[PDB]
Amino acid sequence: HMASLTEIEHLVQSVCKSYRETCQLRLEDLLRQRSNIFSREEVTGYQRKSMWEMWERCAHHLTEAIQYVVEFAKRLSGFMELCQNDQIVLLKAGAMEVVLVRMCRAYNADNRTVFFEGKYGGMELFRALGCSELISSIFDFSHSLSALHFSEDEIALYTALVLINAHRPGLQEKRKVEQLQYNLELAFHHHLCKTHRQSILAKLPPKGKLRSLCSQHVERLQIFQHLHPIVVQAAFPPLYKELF
Ligand SMILES: CN(C)C(=O)c1ccc2c(c1)c(Oc1c(Cl)cccc1C(F)(F)F)nn2-c1ccc(C(=O)O)cc1
């Protein structure tokens with residue numbers, strides 16, 4: 001009739017562990033390297049690469065980032081304990097939204113640059129892709145998320161919830177997911193209360209804004225994959241087979 005703290009704390013620690021063990025670079029690396037910016041002629045060299053050459057670097061970086069999120073989902077309590085159809089559903093709808101959220105770590109809102117291939121640069125680095133609106137939309141959204149000053153525990157718990165969402169169309173075991181969700185919600189709210197950050201709940205990006213930016217992103221990557229497929233060693237082949 002009253003909440004159990006030890007279980008909640010165990011869940012928080014476990015999510016935050018899985019998150020740490022499934023990030024490309026640690027937040028410390030990205031933050032120190034902030035002063036390491038692309039020179040004007042390094043910029044130039046990227047701008048003079050062909051559309052398809054930039055696409056394959058970007059697509060590879062993006063696919064690897066989806067793989068890391070797949071890994072994160074497999075390590076979450078109960079996810080592996082859940083039917084294959086449901087796992088695919090959660091990941092098909094969710095993994096790229098998590099990737100887009102993770103980006104805020106690599107983004108510096110001070111000079112509006114991101115870390116790409118060892119150094120920081122603005123959106124002009126990607127000019128050969130001819131994806132101006134989309135890239136600026138991505139930058140805008142990272143800039144929005146930056147103004148929240150997430151900790152890594154916050155990103156961990158929040159991206160866990162972006163993924164574990166019982167409203168995704170086509171789930172079978174819906175009640176199991178609701179339960180994993182509610183537990184994640186108690187874990188997140190607990191942690192935020194501990195750190196005096198509860199007031200960020202109401203400031204999180206509206207759900208519709210994450211969805212739209214993801215739809216736009218994915219629509220674009222699909223056209224590019226049709227026009228110039230990159231070749232991928234699938235880590236979750238039944239998920240992969242549903243999109244490629
Ligand atoms: C559709 N959507 C809303 C998602 O959240 C979602 C989920 C998984 C995605 C992708 C997107 C996705 O996007 C890509 C990437 Cl990263 C690179 C080239 C093409 C695409 C895609 F065509 F949009 F699917 N790969 N991709 C992916 C990458 C690798 C594996 C694998 O190794 O098993 C599986 C899926």
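Basis for what follows: all heavy atoms, side chains included, without hydrogens, waters or symmetry-related copies. Read the numbers this way: they start at 1 and go in the same order the structure lists the ligands and their atoms. The first residue in the sequence is number 1, and the count goes up from there.
Checked for salt-bridge contact, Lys174 and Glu178 meet the test: a charged N lies under 4.0 Å from a carboxylate O.
Summary of contacts: the protein heavy atom closest to atom 9 (C) of ligand 1 is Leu243 CD1, 3.6 Å. Atom 27 (C) of ligand 1 has as its closest protein heavy atom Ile66 CG2, 3.5 Å. Counting protein heavy atoms only, atom 31 (C) of ligand 1 is closest to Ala235 N, 3.5 Å. Of all protein heavy atoms, the one closest to atom 17 (C) of ligand 1 is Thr63 OG1, 3.3 Å. Nearest protein heavy-atom contact of atom 22 (F) of ligand 1 is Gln222 CG, 3.4 Å.
Set against the non-hydrogen atoms of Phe236, the atoms of ligand 1 under 4.0 Å away are 31 (C), 33 (O). The contact set between ligand 1 and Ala95, taken as ligand atoms under 4.0 Å from a residue heavy atom, comprises 5 (O). Contact atoms of ligand 1 toward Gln67: 32 (O) (distance under 4.0 Å to a heavy atom of the residue). Residue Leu239 approaches ligand 1 through these ligand atoms, each under 4.0 Å from one of its heavy atoms: 34 (C), 35 (C). Less than 4.0 angstrom separates some heavy atom of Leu62 from each of these atoms of ligand 1: 16 (Cl). With ligand atoms numbered from 1 in the order given, ligand 1 contributes 14 (C), 18 (C), 19 (C), 20 (C), 24 (F), 25 (N), 26 (N), 27 (C) to contacts under 4.0 Å with heavy atoms of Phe244. Listed by number with element, the atoms of ligand 1 under 4.0 angstrom from any heavy atom of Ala234 are 31 (C), 32 (O), 33 (O). If you number the atoms of ligand 1 from 1 as listed, the ones under 4.0 Å from a heavy atom of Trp55 come out as 18 (C).
With sequence neighbours left out, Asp110 forms a side-chain contact (heavy atoms from CB on, under 4.5 Å) with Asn108.
In this structure, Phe224 falls outside the shell of residues with a heavy atom less than 4.0 angstrom from ligand 1.
In this structure the side chain of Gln13 never reaches within 4.5 angstrom of the side chain of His191, judged on heavy atoms. Side chains of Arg105 and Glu152 form a contact here, defined as non-hydrogen atoms less than 4.5 Å apart.
Cation-pi contact between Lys74 and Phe236: present, with separation from the ring centre below 6.0 Å and deviation from the ring axis of at most 45°.
Residue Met96 has at least one N or O atom closer than 3.5 Å to an N or O atom of ligand 1. When only interatomic distances are considered, the shortest N/O to N/O separation between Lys92 and ligand 1 falls below 3.5 Å.
Aromatic pair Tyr46/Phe38: centroids less than 6.0 angstrom apart.
Under the 4.5 Å side-chain heavy-atom criterion for ILVMFWY residues, a single connected hydrophobic cluster contains both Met103 and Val69. One hydrophobic cluster, built from ILVMFWY side chains closer than 4.5 Å, holds both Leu157 and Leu210.
Under 4.0 angstrom from ligand 1, the non-hydrogen atoms of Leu91 all belong to its backbone.
Ring geometry for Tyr158 against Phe188 counts as parallel: the plane angle stays under 30°, on a 0 to 90° scale with 60° as the upper cut.
Heavy-atom neighbours of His228 NE2 from other residues, nucleotides or ligands within 6.0 Å: above the threshold of 12.
When all heavy atoms are compared, the tightest approach of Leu91 to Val70 is CD2-CA, 4.4 Å.
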